[PDB]
Amino acid sequence: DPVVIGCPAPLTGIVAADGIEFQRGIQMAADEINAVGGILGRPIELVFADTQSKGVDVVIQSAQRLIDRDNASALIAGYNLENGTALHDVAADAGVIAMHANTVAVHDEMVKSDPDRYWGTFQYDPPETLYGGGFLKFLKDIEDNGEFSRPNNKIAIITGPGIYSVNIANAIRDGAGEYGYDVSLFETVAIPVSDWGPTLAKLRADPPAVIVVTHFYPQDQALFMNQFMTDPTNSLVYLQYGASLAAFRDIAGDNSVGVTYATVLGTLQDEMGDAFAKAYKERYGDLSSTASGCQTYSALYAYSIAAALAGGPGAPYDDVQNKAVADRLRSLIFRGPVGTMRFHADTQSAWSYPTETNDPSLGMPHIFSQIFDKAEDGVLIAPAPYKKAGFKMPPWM
């Protein structure tokens, strides 16, 4: 009998572009796995539900449909525009596995709130908190390697009002002290930003060693750099998420050069990572996003290994067999194109390297990049052993 895998993804609405890549990624993994017989000779079938870039009610409806109507044994998502815990009760109540990369601390706390019940839901990246803790670790390593010499001990943190930006910003604020940084500014701005002037005046009145912007819109970030660069402070700049996108580099132009950014789950640029990216672009075109497609690709591979080891998926409501599958997933150490996927037992979230573990065979690399040319993707500068270059002092420093 075929193994039915359901994918609730935002195929329409404001984040359609990511939803389409989640669909492409999971299709590619299913095709590769099926070409060698599927899971224990059972072919993988994929059913999709469009969450329309809408919120909790629609995500739940979509997940429920995949189970009730399509008999999905497992749900695999990238992210959807929900708080992060919509899937847990849907999975638990149907005795199925759900995997997501919503990238949320609320997932960790939900699983910890009732681990006996929430045995089936896994977050296959680390929560967003690691963007903050991992930034501090990154900063330590480039200082220790001689690549960055702090002009002073001050860090400035600039956040939007939402939970993702705020959680990242507070992780950095809270951790700064043990790395010998004082927070010179913690600033919350209204979004979208029309003018960074007030923030920029505070920065220039008290030039920090490091500026972190956790507000993530690429256009707002480019406007920031264009206003910053009329009179830049002597500061390392890290921009959360948006700087990873062509749109940021297009709008900032040469002002993008020197900026750093990072992802807690991304394609490595070693042989295996390069092979995935090449194959993905051959299937879907050079403008397609491996950054989103690698997520559901990796998740389905992990699932396929765990389910095979357990003797196969359970049907909906076969809690005993799906618990066996979840046990295999919970102990899995799976090295794919994004690095090692391994779970914390207590949170059922991915281990992060080098922040939580010093061994890349035991956790997922938190990859940092630095822009060197407005026309190119940033170069990987952390963590060893995945660097393609070292951090280079920004041109404004």
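So in the numbering used here, the last one in the sequence shown is 450, and the numbering has no gaps at all. We treat Cβ as the ideally placed atom computed from N, Cα and C, and that holds for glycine.
Alpha-carbon spacing of residue i relative to residue j, whole angstroms
i	j	result
residue 83	residue 350	8 Å
residue 210	residue 354	37 Å
residue 274	residue 246	9 Å
residue 436	residue 418	7 Å
residue 304	residue 272	7 Å
residue 120	residue 147	8 Å
residue 230	residue 236	8 Å
residue 268	residue 213	5 Å
residue 310	residue 407	26 Å
residue 313	residue 133	26 Å
residue 243	residue 215	10 Å
residue 113	residue 333	30 Å
residue 179	residue 156	6 Å
residue 363	residue 415	22 Å
residue 103	residue 111	9 Å
residue 81	residue 429	26 Å
residue 248	residue 264	17 Å
residue 357	residue 317	22 Å
residue 386	residue 396	8 Å
residue 327	residue 444	21 Å
residue 98	residue 57	5 Å
residue 90	residue 336	21 Å
residue 88	residue 96	9 Å
residue 116	residue 124	11 Å
residue 118	residue 92	23 Å
residue 338	residue 65	20 Å
residue 142	residue 380	18 Å
Local Cβ density within 10 Å of residue i, reported as buried at 16 or more and exposed below that
i	result
residue 190	buried
residue 40	One cannot answer for residue 40 here, as it falls past the ends of the chain, which runs 54 to 450.
residue 448	exposed
residue 122	exposed
residue 292	buried
residue 388	exposed
residue 257	exposed
residue 412	exposed
residue 67	exposed
residue 330	buried
residue 161	buried
residue 20	Residue 20 cannot be examined here, being either before or after the span of the chain that is shown, 54 to 450.
residue 459	Residue 459 lies beyond the stretch modelled for the chain, which goes from 54 to 450, so this question has no answer here.
residue 446	exposed
residue 366	buried
residue 375	buried
residue 33	The first residue shown for the chain is 54 and the last is 450, placing residue 33 beyond what the model contains.
residue 295	buried
residue 307	exposed
residue 373	exposed
residue 71	buried
residue 283	exposed
residue 94	exposed
residue 390	buried
residue 251	exposed
residue 285	buried
For residue i: DSSP bridge partner residues
i	result
residue 392	389
residue 56	97
residue 10	Past the edges of the chain, shown from 54 to 450, lies residue 10, and the structure says nothing about it.
residue 417	405
residue 423	313, 432
residue 252	Answer is none; residue 252 lacks a bridge partner.
residue 174	151
residue 291	265, 313
residue 92	95
residue 82	BP columns for residue 82 are empty, so no partner.
residue 62	103
Integer Cβ distance of residue i from residue j, believed to fall under 8 Å
i	j	result
residue 182	residue 140	Not confirmed; about 19 Å, so no contact.
residue 403	residue 76	Residue 403 to residue 76, Cβ: 22 Å. No contact.
residue 69	residue 63	6 Å
residue 34	residue 315	Because the chain spans 54 through 450 in this model, residue 34 falls outside it and cannot be assessed.
residue 348	residue 131	5 Å
residue 323	residue 234	With 8 Å as the limit, residue 323 and residue 234 do not qualify as a contact, their Cβ atoms being about 32 Å apart.
residue 524	residue 144	Residue 524 cannot be examined here, being either before or after the span of the chain that is shown, 54 to 450.
residue 109	residue 59	At roughly 17 Å, the Cβ-Cβ gap does not stay under 8 Å, so residue 109 and residue 59 are not in contact.
residue 205	residue 262	5 Å
residue 342	residue 74	5 Å
residue 319	residue 300	Between residue 300 and residue 319 the Cβ distance is about 18 Å, and since that is not below 8 Å, they are no contact.
residue 398	residue 383	6 Å
residue 425	residue 289	Between residue 289 and residue 425 the Cβ distance is about 15 Å, and since that is not below 8 Å, they are no contact.
Distance cut-off 7 Å: residue i Cβ against heavy atoms of the ligand PLP
i	result
residue 417	With respect to the ligand PLP, the structure shown offers nothing to examine, as it has no ligands at all.
- Message: What ranges does the beta strand (DSSP E) occupy inside the region 185–247, keeping only unbroken runs of at least 3 residues that lie completely in it?
- Response: If we require 3 residues or more, the beta strand (DSSP E) runs fully inside the region 185–247 come out as 207–212, 235–241.
- Item | Every unbroken beta strand (DSSP E) inside the region 304–379 [3 residues or more] | Counting only runs of 3 or more, we get 313–316.
- Query: Where in the region 95–154 do unbroken runs of the alpha helix (DSSP H), each at least 4 residues long, occur, reported from the N-terminal end onward?
  - Reply: If we require 4 residues or more, the alpha helix (DSSP H) runs fully inside the region 95–154 come out as 109–121, 139–147.
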